[PDB]
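Each chain, letter by letter, is given below.
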Amino acid sequence: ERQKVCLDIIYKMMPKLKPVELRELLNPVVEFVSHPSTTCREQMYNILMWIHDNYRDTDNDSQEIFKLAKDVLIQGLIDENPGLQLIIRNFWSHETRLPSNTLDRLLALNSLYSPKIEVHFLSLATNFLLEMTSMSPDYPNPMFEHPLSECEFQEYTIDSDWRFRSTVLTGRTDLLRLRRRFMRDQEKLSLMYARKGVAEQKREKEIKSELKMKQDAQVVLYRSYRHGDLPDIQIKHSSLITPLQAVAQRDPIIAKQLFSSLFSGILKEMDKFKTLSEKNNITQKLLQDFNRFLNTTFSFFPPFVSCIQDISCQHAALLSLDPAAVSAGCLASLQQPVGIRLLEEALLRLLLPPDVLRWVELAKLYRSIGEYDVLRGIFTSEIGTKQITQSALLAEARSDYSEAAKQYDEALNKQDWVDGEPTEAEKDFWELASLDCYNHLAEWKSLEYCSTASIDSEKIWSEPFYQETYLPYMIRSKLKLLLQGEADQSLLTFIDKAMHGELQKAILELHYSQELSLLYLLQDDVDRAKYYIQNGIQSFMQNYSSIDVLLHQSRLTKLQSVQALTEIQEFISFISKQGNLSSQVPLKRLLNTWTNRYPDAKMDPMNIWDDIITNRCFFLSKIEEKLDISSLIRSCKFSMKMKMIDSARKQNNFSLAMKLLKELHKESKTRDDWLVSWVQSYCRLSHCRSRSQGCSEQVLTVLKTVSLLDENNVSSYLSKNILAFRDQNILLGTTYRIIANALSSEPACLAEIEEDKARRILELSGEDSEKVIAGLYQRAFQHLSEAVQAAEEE
Amino acid sequence: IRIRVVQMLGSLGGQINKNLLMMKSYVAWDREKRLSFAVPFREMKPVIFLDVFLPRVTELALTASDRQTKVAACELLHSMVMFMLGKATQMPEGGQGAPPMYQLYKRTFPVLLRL
DNA sequence: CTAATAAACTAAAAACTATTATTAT
DNA sequence: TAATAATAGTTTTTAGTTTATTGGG
C-alpha cells in the first residue's frame, strides 16, 4: 500500500519538477526493480517511460537522467511476470521508440545494450523484428496462391492435457437473494462448524491443486491446423512466423542463425538502393556499436559473441572490429576458430604491413585451442619480429614449459632491442604464454611468480583489461597456494572487497563459483559453498546447452570441469550426514575405491589432474582431522600420485614433478611395495626420457645407480606376483638395449670417454666396445627372456 | 533429473564420459541454396534461407526436454515442410529434371517418420 | 554509664500512559 | 478467518529501615 501510493505520488508530481530534483529522487527509486510484487514494477515502468518520452534532447545532466532511465528500462526488459514483458514489448515496439524502418530498427537495437541481458538480447531483437512484421498486406495472405489440388481442408482441432502417454492399459435473480440468509431456523455454532469444515475441505482442495500444478504448465500451440488428404500450401505467413518467434524465444542458437540470416539478407537488400556514402557511414556506426557491445559485455555468452562476429564475417566492410577484443571474446567464450577466420579475412581484405596485431591474436588463440603447427607456420615469416618466441614455442612443442618460461622471462627482461623494440601485443603474448606454461608447471612457485605483481605495480588489480586476463590465473594461483596447507587471508580479503562492486562479484560467481565453494569449505562455510557450487553447475550445464556440437574440444574441457565439480559436490554431500567420528562406515572404504573413481587417464591435461588430486587430498585431510585409517588414506594418496605420474608420463609432460618423485622415494619406505613401485615409476620415466640426446643423457644417468641397485628384494624377494618380477626384468633389458644402442651408434661419446663410475659399471656389465656391447646385449636378452618365462604364469 | 544426470555422469569418469562422441559426422546438408524464402514487409522484402535452420531444428524437435519447446519446434517444422514442398511443386529446378530438395528429402523423410 | 533522632537511605506501591494478544468467521 | 478488549512500563510518593549523632548515670 505505501510503496504503491508513493510511486503514484511520484508519477503525479514529477511533471512539475526541475531535472536536478528528479536526479535526486530517481536514485532511491530505480532500485525497487526485482521487488516481489509486480504491480509496483509496472508503476515504476510507467514513470520511466514517461520520463523517457519527456527527455529527448541541452543540459548534459538531464541527458544523464535520460541515459540512466533507458538503462533501468532495458534492464527491466526481463521480468518473471509475462504481462510486464508484454507491456514493455508493446511500449518499445512502437514507432516512436523504434522507428518503423527496418534499418531504423537495426540502428535502434544497436543503440540499446546492457551487459547483463546479453544472454537474451538476440531473442528479444528477433521478437522485436518479427512481430512488427504484421502490417504487410500479404502477411495475412497465404504465401502460395495455388493449392496442391482439390481437397477439403476442414480444420483439425488439437487437444491438451496434463496427462501423457503410457498411463492406462484399458435483477431477475432476487429468489437467490431472498433465500440466501434464512438463518433464523438454524443454529449459530453449527453453522460455524460447517464454515470451518468447508474451509478445511478447501484447504485440501488447494493442496491437491498445487500438487497438480507441480508439473509444467499446459503447452499452447501457435497455428491452426486444417485436415485433408492433400497438403494445403496456401497458408498465411503468420502460420510460420509465430512458431519461429516462439522457438526463437525458446532456444538461443536457432535465434542466432536466423538473426544472422536476416541481418545478412537485409543488408544485401538495403545496399541496392542507398548511396555508398550513407551505407559506409552506417557501417562505421555499426562497427562502433559492436566494439562497444564486446567491450561492455562481461558474461561472454558464446551464442551472442559468436553471432556478432559471424555477421561481421559475411561483410567485408565489417572486417574492421577491434581484433584484440575479438580474440579475447573468442578465447573466453570458446568460440575461437570462427573468430580466427574473422582475423584472417580482416587481414586478407586490408592487404608496410601492420598486421602483427592480427598475427599475435590468431597465434594466441591457436595456442588456446592446443595445436602448435600454425604458430611456427606463421612465425617462420619475416613478420615474426622476435625469433626468440619462435624458438621458445618450437622447444616447448614437446611440452617443455620450463625453457619456454625462461625464454619469455629473458625476452620481457631484454631491455635492449637491436632488431627494434617488440610491440606491446608481442610482450602480452610472451607474458600470457608464460602464465599458461606456469599453469602447466603445477607447482605453486610458478603460480607465485605469476602473482609477483607484474610491472607498473600490477578489485584494485581487476579493472584494466590486461588484469581481466590475469584474474583467473591469479585466483588459481592463490587457491593452489592456500589449499595445499597455506594461509594468508589475502585471497579472502580480496574476494571480500570484490563482493563490493556488482560487476566484479557478478563475473566471479557467474564464471568461477566452484572456487568460492572450495574456499568456503576452507572456511567451513558449507552452506554458501553449496550455493556457489549449485550455481556453478547449473550455469555450466546451461552453457553446455548453449555451445554448439561441432567444437568437441570445448565440450571435452567442460566435461572434465563438471567431473571435478561432481567429485567436490559429492564430497560436500557426505560430511557428517550419517555421523562420522567413530562410525567406520564402508563409505570411506568405498570412496577411495575404483582408484577413488576414474582419474581420467591418457588425456585431459594436467590442470584437471592436479585439481583432482589436490581437492581429494584436502578432502581426506578434512575427514581425518574431523574424525589405521591414516594408513588407508596414505595408501589412497599413494595410488593417486602413482596414477598421476604414470599418466603425465603418458602425457609426455617430461618436465614432471622431479622433486615430488624424489620425496616419494624419500618417504617411500612405508612398506617395500611402495618404494618398489616408486622405483619402477622412476626407471620407466627415465626409459621414456630417451630423446635426440637420449644417448648422452641415458649414459650419464644409467638408471642412476644401475636400476638404483634394486637387487635386494625383487618382487619383494619374489613374495609378490612374478608379474612385478618380469616387469623389472623388462625394464633392465630395456635400459641394457638403450645403452648398447647408444654406444653402437656413438662409440666416441664423451661420457664413456670420461673416466667415471659409469665407465666402471659399463665394463663390469660387459677392453673394446664390441665386447661390451655383446655382453650388454647378452644381459638384455637374458633379462627379457626371464620376463618371458615369468609372463606365461597367469 | 538433469542435476542427477550431470553429477553422476561426472562421477563416472572423464575419458569414460568421452564416449558420448568417424567420418566427421557433418559437412553440410546441401551443395547450394536449393531452398529460400522472402520474408514480407511493408517496405522492400529480403530473402531468408531455411537450409541453415533445417538440421538443428530437426534434432531439437526430435528429442529434448521442455515439451513446450518440442511442440513449438514441431509446429515450426511442419509449416516449414509444407512451404518447401509447395515451393518444390511451384517452380522445379534442374540437374535431375527436378531435384528440388531430393537429397534433403532423403534426409527429412527419416526424421519425419521417426518423429 | 548508655537515646531518641534527623537525616539519610532503600523499598514499595499507585498513575498513566502503553501498545500488545484476542476473539469473530 | 482478522477485532477489541486487557494490558505492562516509566515517575513518584511513602513507608521501612539504618545511622551516626548526642547526654545520659
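As stated in the entry header, the method of structure determination is cryo-EM and the reported resolution is 4.25 Å.

Let us look at the overall build of chain B. Scanning chain B from terminus to terminus reveals 5 helices and 2 strands. The N-to-C order of helical and strand elements in chain B reads α-α-β-β-α-α-α. Taking 2.2 N^0.38 as the reference for a compact globule, 115 residues should give roughly 13 Å; the C-alpha atoms of chain B span a radius of gyration of 19 Å, well beyond that estimate. With the C-alpha coordinates of chain B rotated into their principal frame, the extents come out at 55 × 35 × 30 Å.

Here we take up the nonpolar core. The biggest cluster of nonpolar side chains holds 75 residues, and the ones touching the most others in it are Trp92 and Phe290 of chain A. Residues in contact with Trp92 of chain A, not counting those within four places in the same chain, are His52, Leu73, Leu77, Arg97, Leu98 and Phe128 of chain A.

Counting across every chain of the model gives 29 salt bridges over all chains. We note a salt bridge from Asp232 of chain A to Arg226 of chain A, for which the minimum N-O separation is 2.9 Å. Overall, the relative accessible area of 32% leaves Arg226 of chain A in the partly exposed class. Residues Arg34 of chain B and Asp30 of chain B are paired through a salt bridge, measuring 3.2 Å at the closest nitrogen-oxygen approach. A single burial state applies to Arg34 of chain B and to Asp30 of chain B, both of which are buried.

Once that is clear, we can look at the environment of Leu112 of chain B. Residue and element names in this part refer to chain B. Within the fold, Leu112 resides in helix 5 (residues 102-114). Since its relative accessible area comes to 29%, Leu112 is described here as partly exposed. As for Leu112 and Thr58, which are separated by 54 residues in sequence, their C-alpha atoms are 8.8 Å apart.

By volume, the largest cavity is sized at about 530 Å³. Every residue lining the largest cavity is counted, 30 residues in all, and those nearest its centre are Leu130, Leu244, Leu258 and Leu262 of chain A together with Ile48 of chain B. Secondary structure elements with two or more residues in the lining of the largest cavity: helix 6 (102-111), helix 7 (121-131), helix 10 (238-250) and helix 11 (252-270) of chain A together with helix 4 (67-90) of chain B. The element contributing the most residues to the lining of the largest cavity is helix 10 of chain A, with 6 residues. Grouping the amino acids of the lining of the largest cavity by side-chain chemistry returns 24 nonpolar, 6 polar and no charged. Empty space within the second largest cavity amounts to approximately 400 Å³.

It is generally the case that most residues other than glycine have a negative phi and that most peptide bonds are trans. Residue and element names in this part refer to chain A. Non-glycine residue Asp456 carries a positive phi angle of around 65 degrees. Mapping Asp456 onto the fold places it in the loop between helix 21 (444-450) and helix 22 (465-483). For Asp456, a relative accessible area of 62% translates into the label exposed. A positive phi angle, close to 60 degrees, is found at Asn652, a residue other than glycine. Looking at where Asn652 falls in the secondary structure, it is placed in the loop between helix 30 (629-650) and helix 31 (658-666).

Here the focus is the packing of aromatic side chains. Residues and elements named next belong to chain A. Under the definition given, this model contains 16 aromatic pairs over all chains. Note on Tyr113 and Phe304: the rings are 6.1 Å apart at their centroids and 20 degrees apart in plane angle, and the pair reads as stacked. Each member of the pair, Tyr113 together with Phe304, is buried. Between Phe618 and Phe619 the ring centres are 5.6 Å apart and the planes differ by 55 degrees, which places this aromatic pair in the tilted class. In this structure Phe619 comes out as buried when scored by relative accessible area, which is 4%. For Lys414, the ring lying beneath its charged end belongs to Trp417, and the centroid distance is 3.8 Å.

Moving on, we get to the interface of chain B and chain A. With 47 residues of chain B in contact, the opposing surface of chain A contributes 65 residues. Mapped onto the side of chain B that touches chain A, the elements with two or more residues apiece are helix 1 (2-12), helix 2 (14-17), strand 2 (47-48), helix 3 (54-62) and helix 4 of chain B. A total of 17 residues in the side of chain B that touches chain A trace back to one element, the largest contributor, which is helix 4 of chain B. Among the residues making up the side of chain B that touches chain A, the classes are represented as 24 nonpolar, 14 polar and 9 charged.

All names here are of chain A. Positionally, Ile78 belongs in the loop between helix 4 (60-75) and helix 5 (82-93). It is 9.8 Å that separates the C-alpha atoms of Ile78 and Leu124, two residues lying 46 residues apart in sequence. Ignoring sequence-local partners within four residues, the contact set of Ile78 consists of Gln85, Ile117 and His120.

Residues and elements named next belong to chain B. A contiguous nonpolar surface patch, about 330 Å² in accessible area, is contributed by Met8, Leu9, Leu12 and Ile16. Counting through the fold element by element, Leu9 comes out in helix 1. Relative accessible area serves as the criterion here: at 37%, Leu9 is assigned to the partly exposed category.

All names here are of chain A. Using the criterion set out here, one finds 0 disulfides over all chains in the structure. Not engaged in a disulfide, the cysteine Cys437 finds its nearest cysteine sulfur in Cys450; these two sulfurs lie 7.6 Å apart. Not part of a disulfide, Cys695 finds its nearest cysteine sulfur in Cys749, a span of 4.6 Å. Accessibility expressed as a relative area gives 16% for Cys695, which makes it buried.

A separate point is helix 11 of chain A. All names here are of chain A. Taking 1.5 Å of rise per residue, 19 residues should cover 27 Å, and helix 11 covers 26 Å from first to last C-alpha, within 8% of that figure. The buried fraction of helix 11 amounts to 14 of the 19 residues, a majority that puts the element mostly inside the structure. Taking the backbone nitrogen of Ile253 as reference, a side-chain oxygen 2.7 Å away marks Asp251 as the first, capping residue of helix 11.

Relative placement of two packed helices is described by the angle separating their axes and the distance separating the axes. Residue and element names in this part refer to chain A. Relative orientation of the contacting elements helix 5 and helix 7 amounts to 60 degrees, with a least axis distance of 11 Å. Judged by the angle between their axes, helix 5 and helix 7 are oblique. Crossing angle aside, the handedness with which helix 5 passes helix 7 is right-handed. Across from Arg89, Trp92 and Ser93 in helix 5, the residues of helix 7 making contact are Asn127, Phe128 and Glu131. Grouping the constituent residues of the contact of helix 5 with helix 7 by class yields 2 nonpolar, 2 polar and 2 charged.

Residue and element names in this part refer to chain A. If you trace the backbone, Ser327 turns up in helix 14 (residues 323-333). At 2.4 Å, the side chain of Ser327 forms a polar contact with the backbone oxygen of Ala324. The residues contacting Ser327, other than those within four sequence positions of it, are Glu361 and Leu365.

What counts and what doesn't
- Residues numbered from 1 in each chain as written, not as in the entry; some residues may be left out.
- Chains lettered and ligands numbered in written order.
- Part of a larger assembly, values for the part shown.
- Heavy atoms only, no water.
- Residues with missing side-chain atoms left out of burial classes, pairs and counts.
- Helix = DSSP H or I, 4+ residues; strand = E, 2+ residues; numbered from the N terminus.
- Rg over C-alpha atoms; globule rule 2.2 N^0.38 Å.
- Core = buried A, V, L, I, M, F, W, Y, C linked by side-chain atoms within 4.5 Å.
- Buried < 20%, exposed > 50% of the residue type's maximum accessible area, 1.4 Å probe, protein only.
- Contact = heavy atoms within 4.5 Å.
- Salt bridge = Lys/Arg side-chain N within 4 Å of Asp/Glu carboxyl O.
- 1 Å grid on protein atoms, 1.4 Å probe; cavity = no way out; pocket = protein on both sides within 12 Å on 5 of 7 lines; lining within 4 Å.
- Points joined across faces, edges and corners; volume = space filled by probe spheres on them.
- Nonpolar A, V, L, I, M, F, W, Y, C, P; charged D, E, K, R; others polar.
- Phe/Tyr/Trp six-rings, centres within 6.5 Å; stacked < 30°, edge-to-face > 60°.
- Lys NZ or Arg CZ within 6 Å of the ring centre and 35° of its normal.
- Patch = residues over 30% accessible without salt bridge, like charges linked within 9 Å, V, L, I, M, F, W, Y side chains within 5 Å.
- Areas by Shrake-Rupley, 256 points an atom, 1.4 Å probe, with all protein chains shown as cover.
- Disulfide = S-S within 2.5 Å.
- Expected span 1.5 Å × (residues − 1).
- Polar contact = N/O pair within 3.5 Å; in protein donor to acceptor, adjacent residues only side chain to side chain.
- Axes fitted to C-alpha atoms, helices over the stretch in contact; angles between N-to-C directions.
- Parallel < 35°, antiparallel > 145°, perpendicular 65-115°, else oblique.
- Left-handed = near helix turned anticlockwise from the far one by under 90°.

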